[PDB]
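Enquirer: Below you'll find the structure I mean.
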Amino acid sequence: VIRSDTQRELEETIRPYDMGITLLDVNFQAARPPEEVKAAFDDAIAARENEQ
Amino acid sequence: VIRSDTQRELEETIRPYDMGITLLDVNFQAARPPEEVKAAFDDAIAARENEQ
Amino acid sequence: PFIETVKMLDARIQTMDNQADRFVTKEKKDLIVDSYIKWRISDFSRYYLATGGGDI
């Protein structure tokens with residue numbers, strides 16, 4: 001739903017401008033969490049394994 | 001079955017390509033468990049002898 | 001000679017490999033996936049135009 005909204009919103013942002021740039025595709029690449037908190041994210045999974 | 005499936009899937013995977021490579025044989029070599037758990041896997045067998 | 005120039009666009013299937021990358025699942029489980037993609041030039045004119053200079 002974001003790639004749809006951000007693509008639609010970006011187009012609306014450049015409508016008044018009237019520039020001749022045409023949007024072809026909006027392809028989301030990555031959403032990784034901050035590296036500082038990545039450590040805890042993996043530990044939560046390891047805890048499940050430790051529980052078992 | 002793993003060699004059979006991998007051989008059949010590999011052929012289906014390269015059918016569209018049209019390459020001139022022909023698969024002759026798929027001979028499975030080994031499926032040994034991870035070295036980290038291999039230690040216990042060996043102990044499990046040694047335990048049988050210890051039990052007896 | 002010297003007036004016409006020819007651009008050679010390959011019609012053989014191209015193989016594109018993707019390096020290791022991280023993906024987020026529905027349960028926030030980080031995964032490591034190694035994958036490759038295979039494509040072929042369908043419209044040599046358009047591909048050359050879109051990919052200006054016919055660069056793979």
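Residue numbering restarts at 1 for every chain of the structure tokens, chains are lettered A, B, ... in their displayed order, and ligands are numbered from 1 as they appear.
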Over all C-alpha pairs taken in order, what is the RMSD once chain B has been least-squares superposed onto chain A?
Expert: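 RMSD over all C-alpha atoms: 0.9 Å.
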Enquirer: Give me, as CSV, each residue of chain C that comes within 10 Å of chain B, together with its shortest interatomic pair and the distance in Å at one decimal, counting only C-alpha atoms, with rows ordered by chain and rising residue number.
Expert:
```
residue,atom,partner,partner_atom,distance
C:12,CA,B:17,CA,8.9
C:13,CA,B:17,CA,6.9
C:14,CA,B:17,CA,9.6
C:38,CA,B:17,CA,9.0
C:39,CA,B:17,CA,9.8
C:40,CA,B:17,CA,9.7
```
Enquirer: Apply DSSP to the backbone of this structure and, from chain A, keep only the residues in alpha helix (DSSP H); write these as a ChimeraX atom specification.
Expert: /A:2-13,35-51
Enquirer: Could you please take those selected residues and save N, CA, C and O atoms as a compact mmCIF listing (two decimals), in the first residue's frame?
Expert:
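Okay, selection-v9.txt is ready:
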```txt
# COMPACT_ATOMS: atom_id res chain seq x y z
N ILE A 2 2.12 1.18 0.41
CA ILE A 2 2.99 2.36 0.43
C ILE A 2 3.45 2.69 -0.98
O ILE A 2 3.33 3.84 -1.42
N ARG A 3 4.03 1.72 -1.70
CA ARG A 3 4.46 1.95 -3.08
C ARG A 3 3.34 2.51 -3.96
O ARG A 3 3.62 3.14 -4.98
N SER A 4 2.08 2.28 -3.58
CA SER A 4 0.92 2.84 -4.27
C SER A 4 0.68 4.28 -3.83
O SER A 4 0.43 5.16 -4.66
N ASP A 5 0.76 4.53 -2.52
CA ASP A 5 0.53 5.86 -1.98
C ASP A 5 1.69 6.79 -2.31
O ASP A 5 1.48 7.91 -2.79
N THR A 6 2.93 6.36 -2.02
CA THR A 6 4.09 7.20 -2.30
C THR A 6 4.19 7.52 -3.79
O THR A 6 4.59 8.63 -4.17
N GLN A 7 3.84 6.56 -4.65
CA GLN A 7 3.87 6.82 -6.08
C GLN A 7 2.78 7.82 -6.45
O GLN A 7 3.02 8.77 -7.21
N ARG A 8 1.57 7.62 -5.92
CA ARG A 8 0.48 8.54 -6.19
C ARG A 8 0.74 9.91 -5.56
O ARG A 8 0.50 10.94 -6.19
N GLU A 9 1.24 9.92 -4.32
CA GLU A 9 1.51 11.19 -3.64
C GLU A 9 2.62 11.96 -4.35
O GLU A 9 2.53 13.18 -4.51
N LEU A 10 3.69 11.26 -4.75
CA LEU A 10 4.78 11.92 -5.46
C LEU A 10 4.28 12.57 -6.75
O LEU A 10 4.70 13.68 -7.09
N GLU A 11 3.39 11.89 -7.47
CA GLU A 11 2.84 12.45 -8.70
C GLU A 11 2.06 13.73 -8.41
O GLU A 11 2.20 14.73 -9.12
N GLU A 12 1.22 13.70 -7.37
CA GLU A 12 0.46 14.88 -6.99
C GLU A 12 1.39 16.03 -6.60
O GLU A 12 1.07 17.20 -6.83
N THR A 13 2.55 15.70 -6.02
CA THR A 13 3.50 16.73 -5.61
C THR A 13 4.07 17.48 -6.81
O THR A 13 4.36 18.68 -6.69
N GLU A 35 20.52 -0.64 12.61
CA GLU A 35 21.52 -1.64 12.97
C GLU A 35 21.69 -1.76 14.48
O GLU A 35 22.05 -2.83 14.98
N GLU A 36 21.45 -0.67 15.23
CA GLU A 36 21.61 -0.72 16.68
C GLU A 36 20.60 -1.66 17.33
O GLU A 36 20.92 -2.34 18.31
N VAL A 37 19.38 -1.73 16.79
CA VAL A 37 18.33 -2.59 17.36
C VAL A 37 18.24 -3.95 16.68
O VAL A 37 17.45 -4.80 17.14
N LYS A 38 19.01 -4.20 15.62
CA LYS A 38 18.97 -5.50 14.95
C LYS A 38 19.34 -6.62 15.90
O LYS A 38 18.80 -7.73 15.80
N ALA A 39 20.29 -6.37 16.81
CA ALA A 39 20.73 -7.37 17.78
C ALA A 39 19.57 -7.97 18.56
O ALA A 39 19.44 -9.19 18.66
N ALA A 40 18.71 -7.12 19.13
CA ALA A 40 17.58 -7.61 19.90
C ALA A 40 16.59 -8.38 19.03
O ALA A 40 16.02 -9.38 19.48
N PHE A 41 16.35 -7.91 17.81
CA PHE A 41 15.39 -8.57 16.91
C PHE A 41 15.72 -10.04 16.70
O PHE A 41 14.82 -10.89 16.69
N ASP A 42 17.00 -10.37 16.53
CA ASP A 42 17.38 -11.77 16.33
C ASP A 42 17.32 -12.56 17.63
O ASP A 42 17.01 -13.76 17.61
N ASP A 43 17.62 -11.92 18.76
CA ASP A 43 17.60 -12.62 20.04
C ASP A 43 16.19 -13.11 20.37
O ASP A 43 16.04 -14.19 20.97
N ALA A 44 15.17 -12.33 20.03
CA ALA A 44 13.79 -12.75 20.29
C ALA A 44 13.49 -14.08 19.61
O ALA A 44 12.74 -14.90 20.16
N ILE A 45 14.06 -14.31 18.43
CA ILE A 45 13.85 -15.58 17.74
C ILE A 45 14.64 -16.67 18.44
O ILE A 45 14.15 -17.79 18.63
N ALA A 46 15.89 -16.38 18.81
CA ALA A 46 16.72 -17.35 19.51
C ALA A 46 16.09 -17.79 20.82
O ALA A 46 16.27 -18.94 21.25
N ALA A 47 15.33 -16.90 21.47
CA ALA A 47 14.69 -17.27 22.73
C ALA A 47 13.65 -18.36 22.51
O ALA A 47 13.51 -19.26 23.35
N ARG A 48 12.91 -18.29 21.41
CA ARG A 48 11.95 -19.34 21.09
C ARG A 48 12.67 -20.68 20.95
O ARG A 48 12.20 -21.70 21.46
N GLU A 49 13.80 -20.68 20.24
CA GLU A 49 14.59 -21.90 20.09
C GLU A 49 15.10 -22.36 21.45
O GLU A 49 15.11 -23.56 21.74
N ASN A 50 15.55 -21.42 22.29
CA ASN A 50 16.03 -21.78 23.61
C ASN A 50 14.90 -22.35 24.46
O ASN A 50 15.11 -23.27 25.25
N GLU A 51 13.69 -21.80 24.30
CA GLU A 51 12.53 -22.32 25.02
C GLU A 51 12.31 -23.78 24.68
O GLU A 51 12.13 -24.63 25.56
```
Enquirer: State, in Å with one decimal place, the distance from CA of residue 22 (chain B) to CA of residue 19 (chain C).
Expert: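 Those two atoms sit 27.7 Å apart.
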Enquirer: How far is it from CA of residue 55 (chain C) to CA of residue 43 (chain C), in Å with one decimal?
Expert: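 Distance reported for this atom pair: 14.3 Å.
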